[PDB]
Protein chains: 2
Amino acid sequence: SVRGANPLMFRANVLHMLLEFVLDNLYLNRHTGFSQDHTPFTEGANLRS
Amino acid sequence: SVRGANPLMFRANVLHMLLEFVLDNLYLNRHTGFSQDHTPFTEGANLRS
């Protein structure tokens, strides 16, 4: 079949899914640069661009 | 007659038949290889092939 999965292995599939979810987010955040704002609702708040 | 047999020799014929039976069933048992059951018919038993 192509539109069906084996219910006897949902746990193995979910464990592999969670492993990949973790492995995909192994990055270090980067510091880019900001921009001072003067919109009437974000007065003088440095925003990241 | 092609469809007749002498009754006074059933014992000899049956002794020879039993001897051939035993001589035929003189083998050892190979270990082939198994396979997990991916369906819910059994409790995940291992099946020969």
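Further up the page is the structure itself.
Residues numbered from 1 in each chain as written, not as in the entry; some residues may be left out. Chains lettered and ligands numbered in written order. Part of a larger assembly, values for the part shown. Heavy atoms only, no water.

(A) Structural view of the overall build of chain A. Counting its secondary structure elements, chain A contains 1 helix and 2 strands. The secondary structure elements of chain A, listed N-terminal to C-terminal, are α-β-β. The dimensions of chain A, computed from C-alpha atoms along their principal axes, are 55 × 25 × 15 Å. When the accessible surface of chain A is split by element, carbon and sulfur atoms take 59% of a total near 5,200 Å². Averaged over its 4 positive side-chain charges, chain A has a centre that lies 15 Å from the centre of its 4 negative ones. (Helix = DSSP H or I, 4+ residues; strand = E, 2+ residues; numbered from the N terminus. Areas by Shrake-Rupley, 256 points an atom, 1.4 Å probe, with all protein chains shown as cover. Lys, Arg positive; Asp, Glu negative; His and termini not counted. Charge placed at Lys NZ, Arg CZ, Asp CG, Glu CD.)

(B) How the structure looks around the side chain of B:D37. Within the element layout of this structure, B:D37 appears in the loop between β1 (34–36) and β2 (46–48). Although buried, B:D37 forms no salt bridge, and the nearest oppositely charged side chain, B:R48, lies 15 Å from it. Reaching out from B:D37, the side chain makes a polar contact with the side chain of B:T39 at a distance of 2.8 Å. Apart from residues lying up to four places away in sequence, B:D37 is in contact with A:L8, B:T42, B:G44, B:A45 and B:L47. (Buried < 20%, exposed > 50% of the residue type's maximum accessible area, 1.4 Å probe, protein only. Salt bridge = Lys/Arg side-chain N within 4 Å of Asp/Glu carboxyl O. Polar contact = N/O pair within 3.5 Å; in protein donor to acceptor, adjacent residues only side chain to side chain. Contact = heavy atoms within 4.5 Å.)

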